[PDB]
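Next comes structure_29.cif, a file with mmCIF, C-alpha atoms.
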data_upload
#
loop_
_atom_site.label_atom_id
_atom_site.label_comp_id
_atom_site.auth_asym_id
_atom_site.auth_seq_id
_atom_site.Cartn_x
_atom_site.Cartn_y
_atom_site.Cartn_z
CA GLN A 1 4.59 -62.44 -49.89
CA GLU A 2 3.66 -64.89 -52.64
CA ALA A 3 3.65 -61.88 -55.04
CA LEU A 4 7.24 -60.77 -54.52
CA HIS A 5 8.00 -64.49 -54.15
CA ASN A 6 7.34 -65.31 -57.84
CA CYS A 7 6.93 -62.85 -60.71
CA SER A 8 9.30 -64.07 -63.41
CA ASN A 9 7.13 -66.99 -64.52
CA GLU A 10 3.84 -67.61 -66.33
CA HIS A 11 2.10 -68.24 -63.01
CA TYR A 12 2.46 -64.49 -62.32
CA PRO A 13 -0.89 -63.42 -63.97
CA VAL A 14 -3.00 -65.96 -62.06
CA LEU A 15 -1.49 -65.03 -58.69
CA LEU A 16 -1.78 -61.35 -59.64
CA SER A 17 -5.52 -61.74 -60.26
CA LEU A 18 -5.89 -63.70 -57.03
CA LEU A 19 -4.20 -61.04 -54.90
CA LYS A 20 -6.14 -58.39 -56.82
CA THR A 21 -9.42 -59.95 -55.72
CA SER A 22 -8.31 -60.95 -52.22
CA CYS A 23 -7.52 -57.35 -51.19
CA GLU A 24 -10.95 -56.07 -52.21
CA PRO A 25 -12.68 -55.86 -48.76
CA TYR A 26 -9.66 -54.61 -46.78
CA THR A 27 -9.17 -51.54 -48.97
CA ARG A 28 -12.77 -50.59 -48.29
CA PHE A 29 -12.12 -51.07 -44.57
CA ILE A 30 -9.22 -48.65 -44.87
CA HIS A 31 -11.46 -46.43 -47.02
CA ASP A 32 -13.99 -46.19 -44.15
CA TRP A 33 -12.09 -44.88 -41.10
CA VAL A 34 -10.46 -42.06 -43.10
CA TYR A 35 -13.31 -40.79 -45.25
CA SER A 36 -16.13 -41.32 -42.77
CA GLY A 37 -14.26 -41.89 -39.52
CA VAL A 38 -16.14 -45.17 -39.23
CA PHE A 39 -13.94 -47.87 -37.73
CA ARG A 40 -15.35 -51.01 -39.35
CA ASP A 41 -14.38 -54.57 -38.39
CA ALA A 42 -16.04 -57.89 -39.14
CA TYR A 43 -14.07 -60.93 -37.96
CA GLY A 44 -10.78 -59.36 -36.93
CA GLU A 45 -9.07 -59.43 -40.33
CA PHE A 46 -8.32 -55.69 -40.16
CA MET A 47 -4.79 -55.18 -38.80
CA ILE A 48 -5.49 -52.52 -36.13
CA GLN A 49 -8.25 -53.33 -33.67
CA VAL A 50 -10.22 -51.23 -31.20
CA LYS A 51 -10.32 -37.29 -20.18
CA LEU A 52 -8.02 -39.13 -22.57
CA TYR A 53 -11.17 -40.29 -24.43
CA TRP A 54 -9.76 -42.91 -26.77
CA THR A 55 -9.46 -46.60 -26.01
CA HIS A 56 -8.64 -47.60 -29.58
CA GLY A 57 -5.87 -50.16 -29.96
CA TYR A 58 -3.12 -51.07 -32.40
CA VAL A 59 -1.13 -54.15 -33.50
CA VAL A 60 3.17 -57.41 -45.18
CA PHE A 61 2.69 -53.63 -45.24
CA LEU A 62 4.63 -50.40 -44.98
CA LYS A 63 4.97 -49.76 -41.26
CA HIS A 64 5.64 -46.08 -42.07
CA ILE A 65 1.92 -45.64 -42.81
CA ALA A 66 0.54 -48.37 -40.48
CA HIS A 67 0.70 -46.10 -37.42
CA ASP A 68 -0.32 -43.16 -39.62
CA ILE A 69 -3.73 -44.70 -40.30
CA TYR A 70 -4.28 -45.21 -36.56
CA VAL A 71 -3.72 -41.51 -35.99
CA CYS A 72 -5.61 -40.52 -39.18
CA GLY A 73 -8.82 -42.22 -38.09
CA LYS A 74 -8.96 -40.72 -34.61
CA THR A 75 -8.45 -37.23 -36.04
CA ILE A 76 -11.76 -37.58 -37.88
CA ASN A 77 -13.32 -38.68 -34.57
CA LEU A 78 -12.19 -35.32 -33.13
CA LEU A 79 -13.65 -33.10 -35.88
CA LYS A 80 -17.13 -34.61 -35.47
CA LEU A 81 -17.45 -32.76 -32.15
CA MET F 1 3.17 -102.25 -84.59
CA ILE F 2 2.22 -98.95 -86.20
CA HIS F 3 -0.06 -97.43 -83.56
CA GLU F 4 1.89 -99.06 -80.70
CA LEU F 5 5.09 -97.18 -81.57
CA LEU F 6 3.10 -93.96 -81.22
CA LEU F 7 1.73 -95.16 -77.89
CA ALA F 8 5.22 -95.97 -76.66
CA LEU F 9 6.96 -92.90 -78.07
CA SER F 10 4.34 -90.46 -76.72
CA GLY F 11 5.69 -90.91 -73.19
CA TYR F 12 2.86 -93.17 -71.98
CA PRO F 13 4.64 -96.49 -72.55
CA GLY F 14 2.95 -99.87 -72.66
CA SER F 15 4.01 -103.31 -71.45
CA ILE F 16 5.66 -104.21 -74.76
CA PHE F 17 8.16 -101.46 -73.93
CA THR F 18 9.00 -102.11 -70.30
CA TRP F 19 10.61 -98.89 -69.12
CA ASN F 20 13.72 -99.32 -67.02
CA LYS F 21 15.73 -96.41 -65.64
CA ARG F 22 18.90 -98.18 -66.76
CA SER F 23 17.97 -99.24 -70.30
CA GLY F 24 15.20 -96.84 -71.17
CA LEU F 25 12.69 -98.47 -73.49
CA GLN F 26 13.12 -102.01 -74.77
CA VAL F 27 10.87 -104.22 -76.87
CA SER F 28 9.80 -107.56 -75.38
CA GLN F 29 12.21 -109.35 -77.76
CA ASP F 30 11.41 -113.03 -77.23
CA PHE F 31 9.50 -114.19 -80.32
CA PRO F 32 9.99 -116.70 -83.13
CA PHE F 33 8.19 -114.15 -85.26
CA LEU F 34 10.51 -111.20 -84.50
CA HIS F 35 13.27 -110.67 -86.96
CA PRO F 36 16.66 -108.83 -86.89
CA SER F 37 15.22 -106.42 -89.48
CA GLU F 38 12.69 -104.85 -87.12
CA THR F 39 15.13 -105.05 -84.25
CA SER F 40 17.61 -102.42 -85.42
CA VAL F 41 14.89 -99.94 -86.45
CA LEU F 42 13.21 -100.47 -83.07
CA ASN F 43 16.46 -99.95 -81.18
CA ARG F 44 17.12 -96.74 -83.08
CA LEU F 45 13.60 -95.57 -82.32
CA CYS F 46 13.88 -96.49 -78.61
CA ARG F 47 16.46 -93.76 -77.91
CA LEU F 48 14.12 -90.93 -78.94
CA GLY F 49 11.29 -92.00 -76.64
CA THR F 50 13.69 -92.55 -73.73
CA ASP F 51 15.04 -89.02 -74.27
CA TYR F 52 11.53 -87.52 -74.44
CA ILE F 53 10.50 -89.23 -71.20
CA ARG F 54 13.66 -88.02 -69.45
CA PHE F 55 13.03 -84.48 -70.73
CA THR F 56 9.41 -84.30 -69.60
CA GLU F 57 10.38 -85.96 -66.32
CA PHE F 58 13.03 -83.28 -65.75
CA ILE F 59 10.58 -80.46 -66.56
CA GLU F 60 7.92 -81.91 -64.25
CA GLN F 61 10.50 -82.55 -61.55
CA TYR F 62 11.67 -78.94 -61.41
CA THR F 63 8.51 -77.04 -62.36
CA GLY F 64 5.33 -77.36 -60.31
CA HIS F 65 6.76 -79.05 -57.22
CA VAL F 66 7.28 -75.89 -55.13
CA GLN F 67 5.63 -72.48 -55.27
CA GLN F 68 8.95 -70.87 -55.90
CA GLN F 69 10.46 -72.21 -52.61
CA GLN F 70 17.95 -76.57 -50.38
CA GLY F 71 19.52 -73.30 -51.50
CA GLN F 72 21.69 -75.31 -53.89
CA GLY F 73 21.52 -73.99 -57.44
CA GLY F 74 21.83 -77.44 -58.96
CA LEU F 75 18.50 -78.53 -57.48
CA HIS F 76 16.57 -75.25 -57.11
CA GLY F 77 16.38 -71.77 -58.63
CA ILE F 78 14.53 -69.52 -61.07
CA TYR F 79 17.11 -69.96 -63.85
CA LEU F 80 16.52 -73.73 -63.88
CA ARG F 81 12.75 -73.37 -64.07
CA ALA F 82 13.25 -70.91 -66.94
CA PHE F 83 15.39 -73.60 -68.58
CA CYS F 84 12.60 -76.21 -68.21
CA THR F 85 10.16 -73.64 -69.60
CA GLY F 86 12.27 -73.21 -72.72
CA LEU F 87 12.71 -76.97 -73.11
CA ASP F 88 9.02 -77.87 -73.36
CA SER F 89 8.42 -75.29 -76.09
CA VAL F 90 11.40 -76.79 -77.87
CA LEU F 91 9.75 -80.22 -77.43
CA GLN F 92 6.58 -79.11 -79.26
CA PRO F 93 7.52 -80.10 -82.91
CA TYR F 94 8.17 -83.70 -81.79
CA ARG F 95 4.55 -83.90 -80.63
CA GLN F 96 3.42 -82.25 -83.87
CA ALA F 97 5.29 -84.88 -85.90
CA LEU F 98 3.73 -87.74 -83.89
CA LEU F 99 0.19 -86.42 -84.45
CA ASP F 100 0.99 -85.85 -88.13
CA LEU F 101 1.98 -89.51 -88.48
CA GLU F 102 -1.18 -90.58 -86.64
CA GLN F 103 -3.56 -88.91 -89.11
CA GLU F 104 -2.00 -90.66 -92.11
CA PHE F 105 -2.12 -93.96 -90.24
CA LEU F 106 -5.86 -93.48 -89.73
CA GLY F 107 -6.09 -92.82 -93.46
CA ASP F 108 -4.07 -95.91 -94.37
CA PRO F 109 -2.23 -97.92 -91.72
CA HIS F 110 -0.26 -100.05 -94.16
CA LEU F 111 2.57 -97.52 -94.25
CA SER F 112 5.97 -98.80 -93.17
CA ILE F 113 8.00 -98.13 -90.04
CA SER F 114 10.98 -97.17 -92.21
CA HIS F 115 9.11 -94.03 -93.19
CA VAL F 116 8.59 -93.29 -89.51
CA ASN F 117 12.31 -93.65 -88.85
CA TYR F 118 12.89 -91.56 -91.97
CA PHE F 119 10.68 -88.78 -90.62
CA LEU F 120 12.03 -88.99 -87.08
CA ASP F 121 15.64 -89.06 -88.25
CA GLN F 122 16.00 -85.29 -87.80
CA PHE F 123 15.28 -85.40 -84.08
CA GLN F 124 17.52 -88.48 -83.77
CA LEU F 125 20.51 -86.13 -83.97
CA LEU F 126 19.07 -83.23 -81.99
CA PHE F 127 18.07 -85.07 -78.79
CA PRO F 128 21.50 -86.48 -77.66
CA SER F 129 23.11 -83.06 -78.06
CA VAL F 130 20.75 -81.31 -75.64
CA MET F 131 20.81 -84.31 -73.29
CA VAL F 132 24.35 -83.59 -72.12
CA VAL F 133 23.47 -79.93 -71.57
CA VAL F 134 20.81 -80.78 -69.02
CA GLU F 135 22.93 -83.62 -67.59
CA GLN F 136 25.85 -81.31 -66.74
CA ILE F 137 23.59 -78.88 -64.85
CA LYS F 138 22.18 -81.71 -62.77
CA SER F 139 25.53 -83.40 -62.21
CA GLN F 140 27.76 -80.55 -61.10
CA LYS F 141 25.12 -78.86 -58.86
CA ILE F 142 25.79 -75.57 -60.65
CA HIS F 143 24.63 -72.48 -58.77
CA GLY F 144 23.03 -69.33 -60.19
CA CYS F 145 24.51 -67.28 -63.04
CA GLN F 146 27.10 -69.96 -63.84
CA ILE F 147 24.21 -72.00 -65.25
CA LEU F 148 23.91 -69.22 -67.86
CA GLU F 149 27.46 -69.88 -69.03
CA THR F 150 27.01 -73.63 -69.26
CA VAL F 151 24.47 -73.50 -72.05
CA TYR F 152 26.23 -70.50 -73.55
CA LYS F 153 29.44 -72.26 -74.51
CA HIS F 154 27.20 -74.87 -76.10
CA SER F 155 25.12 -72.21 -77.92
CA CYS F 156 28.05 -70.98 -80.03
CA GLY F 157 27.42 -74.23 -81.89
CA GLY F 158 28.21 -75.62 -85.31
CA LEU F 159 24.96 -77.41 -86.03
CA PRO F 160 21.93 -75.19 -86.83
CA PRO F 161 19.20 -77.28 -85.07
CA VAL F 162 21.14 -77.72 -81.82
CA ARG F 163 22.37 -74.11 -81.63
CA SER F 164 19.00 -72.61 -82.54
CA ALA F 165 17.25 -74.87 -80.03
CA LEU F 166 19.45 -73.91 -77.07
CA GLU F 167 19.45 -70.20 -77.97
CA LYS F 168 15.77 -69.57 -77.19
CA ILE F 169 16.01 -71.24 -73.81
CA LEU F 170 19.01 -69.02 -73.03
CA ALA F 171 16.78 -66.05 -73.92
CA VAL F 172 14.29 -67.24 -71.23
CA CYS F 173 17.09 -67.42 -68.67
CA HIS F 174 18.15 -63.92 -69.71
CA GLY F 175 14.64 -62.63 -69.09
CA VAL F 176 14.40 -63.74 -65.46
CA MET F 177 17.70 -62.02 -64.60
CA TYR F 178 16.50 -58.94 -66.48
CA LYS F 179 13.39 -58.86 -64.32
CA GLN F 180 15.45 -58.96 -61.11
CA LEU F 181 17.73 -56.32 -62.62
CA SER F 182 14.63 -54.17 -63.16
CA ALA F 183 14.29 -54.08 -59.35
CA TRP F 184 17.85 -53.79 -58.05
CA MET F 185 18.98 -51.13 -60.50
CA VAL S 1 4.76 -58.55 -57.80
CA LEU S 2 2.89 -55.70 -56.11
CA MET S 3 4.27 -52.81 -54.11
CA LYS S 4 2.69 -50.18 -51.90
CA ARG S 5 3.85 -47.17 -53.91
CA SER S 6 0.79 -46.79 -56.12
CA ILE S 7 -1.78 -47.16 -53.36
CA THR S 8 -0.32 -45.34 -50.35
CA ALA S 9 0.81 -42.46 -52.58
CA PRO S 10 -2.69 -40.94 -53.10
CA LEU S 11 -3.38 -41.45 -49.36
CA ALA S 12 -0.59 -39.72 -47.41
CA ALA S 13 -1.37 -36.54 -49.37
CA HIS S 14 -4.80 -36.63 -47.70
CA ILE S 15 -3.47 -37.66 -44.28
CA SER S 16 -1.30 -34.52 -44.24
CA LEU S 17 -4.26 -32.27 -45.09
CA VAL S 18 -6.35 -33.86 -42.32
CA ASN S 19 -3.61 -33.29 -39.73
CA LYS S 20 -3.08 -29.70 -40.90
CA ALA S 21 -6.80 -28.99 -40.52
CA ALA S 22 -6.66 -30.43 -36.99
CA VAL S 23 -3.67 -28.34 -35.85
CA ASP S 24 -5.41 -25.30 -37.32
CA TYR S 25 -8.66 -26.20 -35.51
CA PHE S 26 -6.77 -26.21 -32.22
CA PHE S 27 -5.48 -22.62 -32.34
CA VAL S 28 -8.35 -20.87 -34.06
CA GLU S 29 -11.02 -22.20 -31.70
CA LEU S 30 -9.58 -23.32 -28.36
CA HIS S 31 -6.60 -20.88 -28.48
CA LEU S 32 -3.92 -23.22 -27.14
CA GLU S 33 -1.14 -20.89 -28.27
CA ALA S 34 -2.79 -18.30 -26.04
CA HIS S 35 -3.02 -20.87 -23.23
#
Show the structure stored in the file as structure tokens.
Amino acid sequence: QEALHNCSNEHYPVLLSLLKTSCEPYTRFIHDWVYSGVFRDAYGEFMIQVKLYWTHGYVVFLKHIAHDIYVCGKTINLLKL
Amino acid sequence: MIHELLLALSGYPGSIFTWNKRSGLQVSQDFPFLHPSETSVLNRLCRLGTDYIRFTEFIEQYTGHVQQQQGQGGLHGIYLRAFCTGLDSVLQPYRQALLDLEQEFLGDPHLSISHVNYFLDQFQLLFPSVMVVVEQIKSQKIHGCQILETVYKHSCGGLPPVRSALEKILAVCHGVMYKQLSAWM
Amino acid sequence: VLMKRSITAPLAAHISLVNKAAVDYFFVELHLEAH
């Protein structure tokens, strides 16, 4: 929210670099459960946490795709069988 | 008396020039070795340093005190910070002139203060003109895009240094609105 | 500024393919349409 909060100033590049490096692990976390079906979590900084067979859980970002990742990871867990 | 005027005028005033917020800078003025001749030149020179301190104080006061966030446009807003941003870049040649004087004083310090007033005479006109432009914005608590008009009527000017100085700052204030326009449109 | 329209755009195109493979995998193997 600090990014949309100020962009028209000269402090925009420094904050842009800081957000660019602060989103580096989370994108890999997202990159895991889709492309390997490996739900990875370290300290609970990932937004969505963990017969009927699944006991995975759920909960700024687009909420249109936030539920979509929760269903996209479990689909990979189905194809492994 | 040569170096000390630079130390006062730079915005880091000494104890010879006791800064008040109701008189600005004032020399100590209680000597049997101070003459009326120095007095008038000093009093002319005092205005410029008082203006510079008020300018830098304004810029510091409204830039670097919040991230970007009262909702009142006279105290807060992106247009005002863009104004401060233009003002410091306008303030740059004053600093250049002060350093320029300093080098020649290190070469030979026996140069007169009249030459300093003679050099600094061009900013002596420019500073009071822009002073009222910032003072109106602070006084009337002007919100948003109306701030753009307030400089604008004063940037159709009839003196080249004043008009050219305000015009660039108005370009900065244009740019921030353009950036928001690049989203909403 | 940063938006999610340059990151989520190469992702949903893969999410759709994954879901299409799953709905295909249902019918061709467990024959739910037949069920």
For chain A against chain F, with a cut-off of 9 Å and counting only C-alpha atoms, what is the closest atom pair and its distance in Å to one decimal for every residue that makes the cut, ordered by chain and number, as a Markdown table?
| residue | atom | partner | partner_atom | distance |
| --- | --- | --- | --- | --- |
| A:2 | CA | F:67 | CA | 8.3 |
| A:5 | CA | F:68 | CA | 6.7 |
| A:6 | CA | F:68 | CA | 6.1 |
| A:7 | CA | F:179 | CA | 8.4 |
| A:8 | CA | F:176 | CA | 5.5 |
| A:9 | CA | F:82 | CA | 7.7 |
Store the residues picked out above, limited to C-alpha atoms, as a PDB file, in the coordinates of the input.
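Result file is again_17.pdb:
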ATOM      1  CA  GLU A   2       3.660 -64.890 -52.640  1.00  0.00           C
ATOM      2  CA  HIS A   5       8.000 -64.490 -54.150  1.00  0.00           C
ATOM      3  CA  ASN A   6       7.340 -65.310 -57.840  1.00  0.00           C
ATOM      4  CA  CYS A   7       6.930 -62.850 -60.710  1.00  0.00           C
ATOM      5  CA  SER A   8       9.300 -64.070 -63.410  1.00  0.00           C
ATOM      6  CA  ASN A   9       7.130 -66.990 -64.520  1.00  0.00           C
TER       7      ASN A   9
END
List the residues matched by the PyMOL selection byres ((chain A and resi 37) around 12) in the displayed structure as a short mmCIF file (atom, residue, chain, number, x, y, z; two decimals) with C-alpha atoms, keeping the file's coordinate frame, ordered by chain and then by residue number.
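Saved result, selection_20.cif, follows:
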data_model
loop_
_atom_site.label_atom_id
_atom_site.label_comp_id
_atom_site.auth_asym_id
_atom_site.auth_seq_id
_atom_site.Cartn_x
_atom_site.Cartn_y
_atom_site.Cartn_z
CA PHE A 29 -12.12 -51.07 -44.57
CA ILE A 30 -9.22 -48.65 -44.87
CA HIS A 31 -11.46 -46.43 -47.02
CA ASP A 32 -13.99 -46.19 -44.15
CA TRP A 33 -12.09 -44.88 -41.10
CA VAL A 34 -10.46 -42.06 -43.10
CA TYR A 35 -13.31 -40.79 -45.25
CA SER A 36 -16.13 -41.32 -42.77
CA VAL A 38 -16.14 -45.17 -39.23
CA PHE A 39 -13.94 -47.87 -37.73
CA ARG A 40 -15.35 -51.01 -39.35
CA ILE A 69 -3.73 -44.70 -40.30
CA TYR A 70 -4.28 -45.21 -36.56
CA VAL A 71 -3.72 -41.51 -35.99
CA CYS A 72 -5.61 -40.52 -39.18
CA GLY A 73 -8.82 -42.22 -38.09
CA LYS A 74 -8.96 -40.72 -34.61
CA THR A 75 -8.45 -37.23 -36.04
CA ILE A 76 -11.76 -37.58 -37.88
CA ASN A 77 -13.32 -38.68 -34.57
CA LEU A 78 -12.19 -35.32 -33.13
CA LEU A 79 -13.65 -33.10 -35.88
CA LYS A 80 -17.13 -34.61 -35.47
CA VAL S 18 -6.35 -33.86 -42.32
#
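If you look at atom CA of residue 25 of chain F and atom CA of residue 127 of chain F, they are 15.4 Å away from each other.
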Surrounding residues of residue 75 of chain F excluding itself and chain neighbours under 5 positions, 10 Å, all atoms listed in the file, as a VMD selection string | chain F and resid 61 to 62 70 80 137 to 139 141 to 143
Do you have the atom CA of residue 4 of chain A-atom CA of residue 183 of chain F distance handy?
->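 Computing the Euclidean distance for atom CA of residue 4 of chain A and atom CA of residue 183 of chain F yields 10.9 Å.
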Hey, list the chain S side of the contact with chain A: 9 Å cut-off, all atoms listed in the file, answer as JSON, numbers by chain.
-> {"S": [1, 2, 3, 4, 8, 12, 15, 16, 18, 19, 22, 25]}
Identify all residues satisfying the PyMOL selection byres ((chain F and resi 54) around 12) in the given file; provide them as JSON, numbers by chain.
-> {"F": [9, 11, 19, 20, 21, 22, 24, 25, 47, 48, 49, 50, 51, 52, 53, 55, 56, 57, 58, 59, 60, 61, 84, 87, 88, 91, 127, 128, 130, 131, 132, 134, 135]}
Expressed in Å to a single decimal, how great is the separation between atom CA of residue 167 of chain F and atom CA of residue 155 of chain F?
-> 6.0 Å
Target residues per the PyMOL selection byres ((chain A and resi 59) around 10), formatted as a VMD selection string = chain A and resid 46 to 50 57 to 58 66 to 67 70
Any idea what's packed within 10 Å of residue 2 of chain F, counting all atoms listed in the file, ignoring anything in its chain fewer than 5 positions away? Could you give it as a PyMOL selection string?
-> chain F and resi 7+101-102+105+109-113+116
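Closest approach to residue 125 of chain F from the set F:93, F:36, F:73, F:161 is made by F:161, with distances taken over all atoms listed in the file.
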